[PDB]
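S.K.: Okay, handing you the structure first.
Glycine also receives a Cβ, built like all others from the backbone with ideal geometry; neighbour counts cover every protein chain displayed. Rule-based calculations on the coordinates, nothing more; no lab input.
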Ligand SMILES: [Cl-]
Ligand SMILES: [Cl-]
Ligand SMILES: [Cl-]
Ligand SMILES: [Cl-]
Ligand SMILES: [Cl-]
Ligand SMILES: [Cl-]
Ligand SMILES: [Cl-]
Ligand SMILES: [Cl-]
Ligand SMILES: [Cl-]
Ligand SMILES: [Cl-]
Ligand SMILES: [Cl-]
Ligand SMILES: [Cl-]
Ligand SMILES: [Cl-]
Ligand SMILES: [Cl-]
Ligand SMILES: [Cl-]
Ligand SMILES: [Cl-]
Ligand SMILES: [Cl-]
Ligand SMILES: [Cl-]
Ligand SMILES: [Cl-]
Ligand SMILES: [Cl-]
Ligand SMILES: [Cl-]
Ligand SMILES: [Cl-]
Ligand SMILES: [Cl-]
Ligand SMILES: [Cl-]
């Protein structure tokens, strides 16, 4: 799956 | 180059 | 914000 | 998984 | 139609 | 900002 | 409109 | 050839 | 999953 | 809507 | 910021 | 629908 | 110049 | 095949 | 030419 | 023609 | 933010 | 699943 | 780099 | 047919 | 302007 | 390679 | 006109 | 790399 990253702090990566 | 991330485990970052 | 990645080496993650 | 949205009314969110 | 979401508050879903 | 949704369960929406 | 096909079962064709 | 779909109703699948 | 069609005759649809 | 032209004969213009 | 336009009538211009 | 602007004079906004 | 087509009916071909 | 138009006058359409 | 809008306040549109 | 690959096992490539 | 440049002379860059 | 290809040498085909 | 496949015979893989 | 160009040196123009 | 090539033989390039 | 500009300050131009 | 940038070194900005 | 052509004169081919 592709991996998408967000900066919220904390960085979280979500799978696609 | 653009960096594209995948998750398979292990992360793989591939480039453009 | 979403993190967009480039590689030039240095990896750069910029926030959208 | 990422949720992709369409509208046809019914709203449909499909998972990638 | 494709449904595109925005956040301004309030959520706004606009279509294609 | 644009809104991106993921199904993880729980649905979470992240801003861009 | 463009027609986009998905498989979930059942086929779902959504439009643009 | 790949089949590309439109809807106008009539459904049209054209070959690429 | 997304559905992709090909004309080979016989029409075959492959999942993504 | 965007208009997309094809040639098969006859011309077919399909829309988005 | 860039202005992105939709029409749903109301015209909506959202800022990026 | 997405709204696309052109300048020719006069402005013309066309949609998707 | 390239001709880009929309339909709104009136067909509009704009030059790029 | 897809049809691409150009304004050169005279309008000419080329197949893809 | 295409028209691109920015919010700077004042809204300014630039031609492409 | 472009070549598209699928993993079904067996890998099959379809022409476009 | 992304940076977009225009030639108007004077070159001006607008943020996105 | 569809196979997406990169080259970094090693050729990598990842499944969608 | 992204790898793009074509079929002409012989296969040709070209890169981005 | 449209000619698509790559460079790998050799320049390659492939027909669509 | 961008340059687009077609194979018709004779190769012809059209400006955009 | 394509050059993409960002503003953070300082300008950063990253490539494809 | 919009300025599109490449790098080949020389930086080239072309006008659209 | 993809090769992109422009016309200014002189032809300039730039790459991705
Ligand atoms: Cl945000
Ligand atoms: Cl280095
Ligand atoms: Cl993005
Ligand atoms: Cl997942
Ligand atoms: Cl209804
Ligand atoms: Cl997606
Ligand atoms: Cl074929
Ligand atoms: Cl009908
Ligand atoms: Cl296609
Ligand atoms: Cl801004
Ligand atoms: Cl109304
Ligand atoms: Cl944008
Ligand atoms: Cl021209
Ligand atoms: Cl009407
Ligand atoms: Cl165009
Ligand atoms: Cl699958
Ligand atoms: Cl190596
Ligand atoms: Cl894909
Ligand atoms: Cl042809
Ligand atoms: Cl060489
Ligand atoms: Cl093409
Ligand atoms: Cl202009
Ligand atoms: Cl050099
Ligand atoms: Cl552009």
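S.K.: What do the square roots of 5 times the Cα gyration tensor eigenvalues come to for the protein assembly as shown, in whole Å, largest first, as semi-axes of the equivalent ellipsoid?
M.R.: Numbers: eigenvalues 174, 174, 143 Å².
That gives 30, 30, 27 Å for the three semi-axes.
S.K.: So, one more: Distance between Cα centroids, chain R to chain X: provide it in whole Å.
M.R.: So the separation of the two Cα centres works out to 28 Å.
S.K.: With labels modelled as points extended 7 Å from the Cα through the Cβ direction, what inter-label distance (nm, one decimal) is found for residue W:8 paired with residue D:9?
M.R.: 4.6
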